[PDB]
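Content type TSV, C-alpha atoms, from the file work07.tsv:
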```tsv
chain	number	residue	atom	x	y	z
U	1	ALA	CA	20.59	4.14	23.98
U	2	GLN	CA	19.02	4.36	20.51
U	3	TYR	CA	16.41	1.81	21.51
U	4	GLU	CA	14.97	2.64	24.93
U	5	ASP	CA	12.39	0.87	27.02
U	6	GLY	CA	9.37	3.14	27.10
U	7	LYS	CA	10.20	4.61	23.70
U	8	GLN	CA	9.98	2.20	20.75
U	9	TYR	CA	8.87	-0.65	22.96
U	10	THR	CA	7.75	-1.38	26.51
U	11	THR	CA	8.65	-4.37	28.65
U	12	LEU	CA	6.00	-6.59	30.27
U	13	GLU	CA	6.50	-6.72	34.04
U	14	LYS	CA	4.96	-10.20	33.75
U	15	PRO	CA	7.00	-12.27	31.19
U	16	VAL	CA	5.05	-14.72	29.08
U	17	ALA	CA	6.94	-18.02	28.96
U	18	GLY	CA	6.57	-20.29	25.92
U	19	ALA	CA	5.09	-17.47	23.83
U	20	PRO	CA	5.35	-17.35	20.01
U	21	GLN	CA	8.46	-15.48	18.89
U	22	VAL	CA	6.62	-12.75	17.06
U	23	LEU	CA	3.01	-12.48	18.15
U	24	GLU	CA	0.62	-10.01	16.54
U	25	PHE	CA	-2.99	-9.17	17.55
U	26	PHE	CA	-5.59	-7.48	15.40
U	27	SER	CA	-9.31	-6.99	14.88
U	28	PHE	CA	-11.14	-6.56	11.59
U	29	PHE	CA	-13.04	-3.75	13.40
U	30	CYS	CA	-9.77	-2.01	14.26
U	31	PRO	CA	-9.09	1.02	12.04
U	32	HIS	CA	-5.30	1.18	12.65
U	33	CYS	CA	-5.22	-2.54	11.92
U	34	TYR	CA	-6.76	-1.79	8.54
U	35	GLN	CA	-3.96	0.71	7.96
U	36	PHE	CA	-1.36	-1.81	9.23
U	37	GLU	CA	-2.58	-4.38	6.76
U	38	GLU	CA	-3.76	-2.53	3.65
U	39	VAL	CA	-1.51	0.53	3.60
U	40	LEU	CA	1.57	-0.29	5.67
U	41	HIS	CA	1.91	-4.06	5.19
U	42	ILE	CA	3.53	-4.25	8.63
U	43	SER	CA	3.47	-8.04	8.99
U	44	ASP	CA	5.04	-8.39	5.60
U	45	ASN	CA	7.81	-5.92	6.14
U	46	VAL	CA	8.58	-7.34	9.57
U	47	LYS	CA	8.99	-10.87	8.18
U	48	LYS	CA	11.25	-9.45	5.45
U	49	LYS	CA	13.71	-8.30	8.17
U	50	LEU	CA	13.39	-11.12	10.70
U	51	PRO	CA	16.23	-13.63	11.20
U	52	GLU	CA	15.94	-17.21	9.98
U	53	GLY	CA	14.32	-19.69	12.34
U	54	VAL	CA	11.74	-17.07	13.25
U	55	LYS	CA	8.09	-17.90	13.13
U	56	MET	CA	5.39	-15.32	12.97
U	57	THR	CA	1.94	-15.63	14.59
U	58	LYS	CA	-1.17	-13.42	14.06
U	59	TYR	CA	-4.32	-13.61	16.19
U	60	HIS	CA	-7.75	-11.97	16.07
U	61	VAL	CA	-9.36	-10.61	19.23
U	62	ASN	CA	-12.90	-10.61	20.66
U	63	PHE	CA	-13.11	-7.27	22.46
U	64	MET	CA	-14.27	-5.26	19.42
U	65	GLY	CA	-17.59	-5.60	17.60
U	66	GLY	CA	-19.48	-7.71	20.10
U	67	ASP	CA	-21.13	-10.78	18.61
U	68	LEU	CA	-19.68	-10.25	15.16
U	69	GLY	CA	-16.24	-9.70	16.74
U	70	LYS	CA	-16.36	-13.23	18.13
U	71	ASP	CA	-17.67	-14.65	14.85
U	72	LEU	CA	-14.63	-13.07	13.26
U	73	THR	CA	-12.25	-14.73	15.73
U	74	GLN	CA	-13.81	-18.09	14.86
U	75	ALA	CA	-13.49	-17.20	11.11
U	76	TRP	CA	-9.86	-16.28	11.53
U	77	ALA	CA	-9.41	-19.66	13.25
U	78	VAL	CA	-10.95	-21.28	10.10
U	79	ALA	CA	-8.71	-19.11	7.95
U	80	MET	CA	-5.64	-20.34	9.89
U	81	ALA	CA	-6.75	-23.98	9.73
U	82	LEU	CA	-7.26	-23.89	5.94
U	83	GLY	CA	-4.17	-21.77	5.35
U	84	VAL	CA	-6.19	-19.10	3.57
U	85	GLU	CA	-5.25	-16.00	5.57
U	86	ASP	CA	-3.87	-14.38	2.41
U	87	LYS	CA	-7.13	-14.78	0.52
U	88	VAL	CA	-9.55	-13.41	3.10
U	89	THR	CA	-7.67	-10.78	5.08
U	90	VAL	CA	-8.31	-7.99	2.60
U	91	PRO	CA	-11.96	-8.84	1.85
U	92	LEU	CA	-12.72	-9.21	5.56
U	93	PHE	CA	-11.23	-5.80	6.34
U	94	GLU	CA	-13.01	-4.13	3.44
U	95	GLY	CA	-16.28	-5.95	4.10
U	96	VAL	CA	-16.23	-4.71	7.71
U	97	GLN	CA	-14.82	-1.16	7.40
U	98	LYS	CA	-15.06	-0.07	3.73
U	99	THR	CA	-18.20	-1.46	2.12
U	100	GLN	CA	-19.95	-2.52	5.36
U	101	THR	CA	-21.46	-5.62	3.83
U	102	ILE	CA	-20.37	-7.84	6.70
U	103	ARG	CA	-23.15	-7.94	9.29
U	104	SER	CA	-23.51	-11.60	10.24
U	105	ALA	CA	-21.65	-14.89	10.21
U	106	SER	CA	-23.25	-15.64	6.86
U	107	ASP	CA	-21.77	-12.51	5.34
U	108	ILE	CA	-18.39	-13.61	6.73
U	109	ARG	CA	-18.97	-16.98	5.10
U	110	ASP	CA	-19.68	-15.32	1.66
U	111	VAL	CA	-16.21	-13.79	1.74
U	112	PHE	CA	-14.62	-17.25	1.97
U	113	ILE	CA	-16.97	-18.66	-0.71
U	114	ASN	CA	-16.10	-15.85	-3.09
U	115	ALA	CA	-12.43	-16.36	-2.29
U	116	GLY	CA	-12.87	-19.94	-3.45
U	117	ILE	CA	-13.16	-22.00	-0.24
U	118	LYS	CA	-15.95	-24.54	-0.69
U	119	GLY	CA	-19.12	-24.15	1.37
U	120	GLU	CA	-18.80	-27.69	2.54
U	121	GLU	CA	-15.15	-27.23	3.50
U	122	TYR	CA	-15.79	-23.94	5.28
U	123	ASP	CA	-18.76	-25.21	7.34
U	124	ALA	CA	-16.82	-28.34	8.30
U	125	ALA	CA	-13.87	-26.26	9.48
U	126	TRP	CA	-16.19	-23.73	11.22
U	127	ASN	CA	-17.74	-26.53	13.29
U	128	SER	CA	-14.54	-28.54	13.90
U	129	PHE	CA	-12.81	-29.00	17.30
U	130	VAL	CA	-9.47	-28.21	15.61
U	131	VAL	CA	-10.98	-24.76	15.11
U	132	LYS	CA	-12.33	-24.62	18.67
U	133	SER	CA	-8.82	-25.20	20.08
U	134	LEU	CA	-7.46	-22.54	17.73
U	135	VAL	CA	-10.04	-20.09	19.12
U	136	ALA	CA	-8.88	-21.12	22.62
U	137	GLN	CA	-5.30	-20.39	21.55
U	138	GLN	CA	-6.24	-16.92	20.30
U	139	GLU	CA	-8.06	-16.12	23.50
U	140	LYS	CA	-5.37	-17.60	25.77
U	141	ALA	CA	-2.56	-15.65	24.06
U	142	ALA	CA	-4.47	-12.38	24.44
U	143	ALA	CA	-5.26	-13.25	28.07
U	144	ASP	CA	-1.58	-14.03	28.74
U	145	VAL	CA	-0.63	-10.37	28.15
U	146	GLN	CA	-3.88	-8.83	29.40
U	147	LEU	CA	-4.57	-7.30	25.99
U	148	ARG	CA	-6.84	-4.25	25.82
U	149	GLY	CA	-5.76	-2.70	22.55
U	150	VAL	CA	-4.90	-3.58	18.97
U	151	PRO	CA	-2.86	-3.42	16.79
U	152	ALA	CA	-0.33	-4.99	19.09
U	153	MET	CA	2.86	-6.92	18.63
U	154	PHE	CA	4.83	-8.90	21.24
U	155	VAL	CA	8.32	-10.27	20.88
U	156	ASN	CA	9.40	-13.39	22.83
U	157	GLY	CA	6.50	-12.80	25.25
U	158	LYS	CA	8.67	-10.09	26.75
U	159	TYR	CA	8.56	-6.88	24.69
U	160	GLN	CA	5.60	-4.94	23.33
U	161	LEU	CA	5.97	-2.67	20.29
U	162	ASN	CA	5.28	1.00	20.90
U	163	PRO	CA	4.34	2.69	17.61
U	164	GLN	CA	3.22	5.94	19.32
U	165	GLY	CA	6.91	6.52	20.00
U	166	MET	CA	7.92	6.52	16.29
U	167	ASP	CA	7.69	9.27	13.63
U	168	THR	CA	4.66	9.13	11.33
U	169	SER	CA	5.44	11.93	8.85
U	170	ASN	CA	6.46	9.27	6.37
U	171	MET	CA	4.70	5.91	6.15
U	172	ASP	CA	7.71	4.07	4.72
U	173	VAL	CA	10.03	5.35	7.43
U	174	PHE	CA	7.50	4.41	10.08
U	175	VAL	CA	7.36	0.85	8.73
U	176	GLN	CA	11.14	0.33	8.45
U	177	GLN	CA	11.59	1.73	11.97
U	178	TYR	CA	8.85	-0.55	13.24
U	179	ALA	CA	10.41	-3.56	11.54
U	180	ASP	CA	13.97	-2.74	12.60
U	181	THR	CA	12.67	-2.46	16.14
U	182	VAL	CA	11.18	-5.92	15.95
U	183	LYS	CA	14.51	-7.18	14.64
U	184	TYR	CA	16.44	-5.51	17.48
U	185	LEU	CA	14.04	-6.93	20.08
U	186	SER	CA	14.28	-10.28	18.36
U	187	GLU	CA	18.07	-10.44	18.80
U	188	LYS	CA	17.92	-9.18	22.39
```

Could you spell out this file's structure in structure tokens?
Amino acid sequence: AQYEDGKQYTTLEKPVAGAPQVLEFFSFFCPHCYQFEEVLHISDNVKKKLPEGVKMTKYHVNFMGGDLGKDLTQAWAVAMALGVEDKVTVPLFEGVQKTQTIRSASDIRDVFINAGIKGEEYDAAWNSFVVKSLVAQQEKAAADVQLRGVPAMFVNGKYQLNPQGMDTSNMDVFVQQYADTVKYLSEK
């Protein structure tokens, strides 16, 4: 076939019922994730090729960066609650990997403040049970597929993207192949 199990994707031997249709995992400590976001715009280009009626979910993970890694998962929960993913994703990545000015929860907080979220609103979200449940969701979803590496994408809780098995001579071609694969798996 042109799309083969083991090549552009792998199949989970343990299916995840009720899973989000497109589920993506990342970490702000994850260098390929930085590439995926800043240089490749993977999530974007995937959505651009997905059918209608498709919803797209992105979760942060705890297993990188220890204490600050977890703070970041709670911050991403806040980001999701306030609908401000698109205002903090780039400064969080750059703050962690480029400038290295993110060293504590407070530095994470400054990113939101500078991006215009109000201190009051941020702290309220940060401490809210709506956010706690959203942290639980992020952890549960990762647990459901026994996740040990990011970046990672799952389709219908059944197929996992396999970027290693795609050509990387050309960034644009890598992206369109990646996205087309998601679309194929989507219609499976």

Give me, as a ChimeraX atom specification, all polymer residues having an atom no more than 12 Å from residue U:53, counting all atoms listed in the file and skipping those fewer than 4 positions away in the same chain.
/U:21-22,47,186-187

For residue U:107, work out the shell of residues within 12 Å, counting all atoms listed in the file and skipping chain neighbours fewer than 2 positions away, then give it as a PyMOL selection string.
chain U and resi 68+71-72+75+91-92+95-96+100-105+109-114

Could you check the closest approach to residue U:64 for each of U:149, U:6, U:116, U:18 and tell me which residue wins, using all atoms listed in the file?
U:149

Using only C-alpha atoms, find all polymer residues with an atom at most 10 Å away from the point (-8.0, -18.9, 22.3); report them as a PDB file with C-alpha atoms, in the coordinates of the input.
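Saved result, part_38.pdb, follows:
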```pdb
ATOM      1  CA  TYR U  59      -4.320 -13.610  16.190  1.00  0.00           C
ATOM      2  CA  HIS U  60      -7.750 -11.970  16.070  1.00  0.00           C
ATOM      3  CA  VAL U  61      -9.360 -10.610  19.230  1.00  0.00           C
ATOM      4  CA  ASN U  62     -12.900 -10.610  20.660  1.00  0.00           C
ATOM      5  CA  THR U  73     -12.250 -14.730  15.730  1.00  0.00           C
ATOM      6  CA  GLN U  74     -13.810 -18.090  14.860  1.00  0.00           C
ATOM      7  CA  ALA U  77      -9.410 -19.660  13.250  1.00  0.00           C
ATOM      8  CA  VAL U 131     -10.980 -24.760  15.110  1.00  0.00           C
ATOM      9  CA  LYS U 132     -12.330 -24.620  18.670  1.00  0.00           C
ATOM     10  CA  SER U 133      -8.820 -25.200  20.080  1.00  0.00           C
ATOM     11  CA  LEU U 134      -7.460 -22.540  17.730  1.00  0.00           C
ATOM     12  CA  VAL U 135     -10.040 -20.090  19.120  1.00  0.00           C
ATOM     13  CA  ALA U 136      -8.880 -21.120  22.620  1.00  0.00           C
ATOM     14  CA  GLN U 137      -5.300 -20.390  21.550  1.00  0.00           C
ATOM     15  CA  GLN U 138      -6.240 -16.920  20.300  1.00  0.00           C
ATOM     16  CA  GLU U 139      -8.060 -16.120  23.500  1.00  0.00           C
ATOM     17  CA  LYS U 140      -5.370 -17.600  25.770  1.00  0.00           C
ATOM     18  CA  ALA U 141      -2.560 -15.650  24.060  1.00  0.00           C
ATOM     19  CA  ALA U 142      -4.470 -12.380  24.440  1.00  0.00           C
ATOM     20  CA  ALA U 143      -5.260 -13.250  28.070  1.00  0.00           C
TER      21      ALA U 143
END
```

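Note that atom CA of residue U:26 and atom CA of residue U:150 are 5.3 Å apart.
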
So the first atom is atom CA of residue U:11 and the second is atom CA of residue U:162; what is the distance between them in Å, to one decimal place?
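Value for the atom CA of residue U:11-atom CA of residue U:162 distance: 10.0 Å.
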
With all atoms listed in the file as the counted atoms, please give the residues lying no more than 8 Å from stretch 87-90 of chain U, apart from itself and same-chain residues fewer than 3 positions off, as a ChimeraX atom specification.
/U:37-38,79,84,93-94,111-112,115

Take the residues from that selection and put them in a file with C-alpha atoms, as an mmCIF file, keeping the file's coordinate frame.
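For reference, again-v5.cif as written:
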```cif
data_model
loop_
_atom_site.group_PDB
_atom_site.id
_atom_site.type_symbol
_atom_site.label_atom_id
_atom_site.label_comp_id
_atom_site.auth_asym_id
_atom_site.auth_seq_id
_atom_site.Cartn_x
_atom_site.Cartn_y
_atom_site.Cartn_z
ATOM 1 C CA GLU U 37 -2.580 -4.380 6.760
ATOM 2 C CA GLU U 38 -3.760 -2.530 3.650
ATOM 3 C CA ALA U 79 -8.710 -19.110 7.950
ATOM 4 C CA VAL U 84 -6.190 -19.100 3.570
ATOM 5 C CA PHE U 93 -11.230 -5.800 6.340
ATOM 6 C CA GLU U 94 -13.010 -4.130 3.440
ATOM 7 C CA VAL U 111 -16.210 -13.790 1.740
ATOM 8 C CA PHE U 112 -14.620 -17.250 1.970
ATOM 9 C CA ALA U 115 -12.430 -16.360 -2.290
#
```

Å distance separating atom CA of residue U:42 from atom CA of residue U:172, one decimal place
10.1 Å

Selected residue of minimal separation from residue U:130 among U:164, U:80, U:156, U:144, counting only C-alpha atoms:
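For residue U:130, the nearest of the given residues is U:80.
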
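Nearest to residue U:31 of all the residues U:57, U:98, U:44, U:51 is U:98, counting only C-alpha atoms.
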
Counting all atoms listed in the file, which of U:106, U:40, U:16, U:48 gets nearest to residue U:173?
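That would be U:40, the residue with the smallest distance to residue U:173.
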
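Among U:128, U:55, U:151, U:49, the residue with the shortest atom-to-atom distance to residue U:20, counting all atoms listed in the file, is U:55.
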
Select, from U:36, U:63, U:28, U:122, the residue with the minimum atom-to-atom distance to residue U:153, counting all atoms listed in the file.
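Closest candidate: U:36.
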
As a PDB file, in the coordinates of the input, the rebuilt stretch 45-67 of chain U with N, CA and C atoms:
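rebuild34.pdb, written as the output of this step:
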```pdb
ATOM      1  N   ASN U  45       6.523  -6.570   6.081  1.00  0.00           N
ATOM      2  CA  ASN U  45       7.810  -5.920   6.140  1.00  0.00           C
ATOM      3  C   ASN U  45       8.594  -6.362   7.350  1.00  0.00           C
ATOM      4  N   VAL U  46       7.900  -6.743   8.423  1.00  0.00           N
ATOM      5  CA  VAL U  46       8.580  -7.340   9.570  1.00  0.00           C
ATOM      6  C   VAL U  46       9.235  -8.661   9.188  1.00  0.00           C
ATOM      7  N   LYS U  47       8.460  -9.566   8.592  1.00  0.00           N
ATOM      8  CA  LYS U  47       8.990 -10.870   8.180  1.00  0.00           C
ATOM      9  C   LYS U  47      10.201 -10.700   7.273  1.00  0.00           C
ATOM     10  N   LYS U  48      10.129  -9.746   6.351  1.00  0.00           N
ATOM     11  CA  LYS U  48      11.250  -9.450   5.450  1.00  0.00           C
ATOM     12  C   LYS U  48      12.563  -9.112   6.184  1.00  0.00           C
ATOM     13  N   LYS U  49      12.498  -8.686   7.444  1.00  0.00           N
ATOM     14  CA  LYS U  49      13.710  -8.300   8.170  1.00  0.00           C
ATOM     15  C   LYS U  49      14.050  -9.240   9.314  1.00  0.00           C
ATOM     16  N   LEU U  50      13.156 -10.174   9.619  1.00  0.00           N
ATOM     17  CA  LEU U  50      13.390 -11.120  10.700  1.00  0.00           C
ATOM     18  C   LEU U  50      14.461 -12.143  10.351  1.00  0.00           C
ATOM     19  N   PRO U  51      15.215 -12.590  11.374  1.00  0.00           N
ATOM     20  CA  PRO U  51      16.230 -13.630  11.200  1.00  0.00           C
ATOM     21  C   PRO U  51      15.617 -14.905  10.659  1.00  0.00           C
ATOM     22  N   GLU U  52      16.453 -15.875  10.305  1.00  0.00           N
ATOM     23  CA  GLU U  52      15.940 -17.210   9.980  1.00  0.00           C
ATOM     24  C   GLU U  52      15.679 -18.034  11.243  1.00  0.00           C
ATOM     25  N   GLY U  53      14.653 -18.880  11.191  1.00  0.00           N
ATOM     26  CA  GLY U  53      14.320 -19.690  12.340  1.00  0.00           C
ATOM     27  C   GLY U  53      13.258 -18.980  13.162  1.00  0.00           C
ATOM     28  N   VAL U  54      12.801 -17.849  12.635  1.00  0.00           N
ATOM     29  CA  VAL U  54      11.740 -17.070  13.250  1.00  0.00           C
ATOM     30  C   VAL U  54      10.374 -17.381  12.677  1.00  0.00           C
ATOM     31  N   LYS U  55       9.452 -17.725  13.570  1.00  0.00           N
ATOM     32  CA  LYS U  55       8.090 -17.900  13.130  1.00  0.00           C
ATOM     33  C   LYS U  55       7.187 -16.796  13.651  1.00  0.00           C
ATOM     34  N   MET U  56       6.161 -16.538  12.855  1.00  0.00           N
ATOM     35  CA  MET U  56       5.390 -15.320  12.970  1.00  0.00           C
ATOM     36  C   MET U  56       3.918 -15.690  13.179  1.00  0.00           C
ATOM     37  N   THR U  57       3.322 -15.249  14.285  1.00  0.00           N
ATOM     38  CA  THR U  57       1.940 -15.630  14.590  1.00  0.00           C
ATOM     39  C   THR U  57       0.995 -14.412  14.652  1.00  0.00           C
ATOM     40  N   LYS U  58      -0.184 -14.509  14.036  1.00  0.00           N
ATOM     41  CA  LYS U  58      -1.170 -13.420  14.060  1.00  0.00           C
ATOM     42  C   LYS U  58      -2.540 -13.882  14.559  1.00  0.00           C
ATOM     43  N   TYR U  59      -3.042 -13.245  15.612  1.00  0.00           N
ATOM     44  CA  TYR U  59      -4.320 -13.610  16.190  1.00  0.00           C
ATOM     45  C   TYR U  59      -5.359 -12.478  16.178  1.00  0.00           C
ATOM     46  N   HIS U  60      -6.613 -12.878  16.018  1.00  0.00           N
ATOM     47  CA  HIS U  60      -7.750 -11.970  16.070  1.00  0.00           C
ATOM     48  C   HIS U  60      -8.236 -11.864  17.515  1.00  0.00           C
ATOM     49  N   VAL U  61      -8.885 -10.769  17.868  1.00  0.00           N
ATOM     50  CA  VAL U  61      -9.360 -10.610  19.230  1.00  0.00           C
ATOM     51  C   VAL U  61     -10.873 -10.377  19.303  1.00  0.00           C
ATOM     52  N   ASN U  62     -11.466 -10.702  20.454  1.00  0.00           N
ATOM     53  CA  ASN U  62     -12.900 -10.610  20.660  1.00  0.00           C
ATOM     54  C   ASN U  62     -13.412  -9.246  21.117  1.00  0.00           C
ATOM     55  N   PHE U  63     -12.573  -8.425  21.748  1.00  0.00           N
ATOM     56  CA  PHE U  63     -13.110  -7.270  22.460  1.00  0.00           C
ATOM     57  C   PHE U  63     -13.578  -6.088  21.574  1.00  0.00           C
ATOM     58  N   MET U  64     -13.608  -6.262  20.258  1.00  0.00           N
ATOM     59  CA  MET U  64     -14.270  -5.260  19.420  1.00  0.00           C
ATOM     60  C   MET U  64     -15.420  -5.901  18.625  1.00  0.00           C
ATOM     61  N   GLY U  65     -16.527  -5.195  18.507  1.00  0.00           N
ATOM     62  CA  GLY U  65     -17.590  -5.600  17.600  1.00  0.00           C
ATOM     63  C   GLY U  65     -18.520  -6.655  18.139  1.00  0.00           C
ATOM     64  N   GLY U  66     -18.542  -6.813  19.458  1.00  0.00           N
ATOM     65  CA  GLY U  66     -19.480  -7.710  20.100  1.00  0.00           C
ATOM     66  C   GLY U  66     -19.574  -9.074  19.462  1.00  0.00           C
ATOM     67  N   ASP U  67     -20.817  -9.470  19.177  1.00  0.00           N
ATOM     68  CA  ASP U  67     -21.130 -10.780  18.610  1.00  0.00           C
ATOM     69  C   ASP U  67     -20.383 -11.077  17.306  1.00  0.00           C
TER      70      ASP U  67
END
```
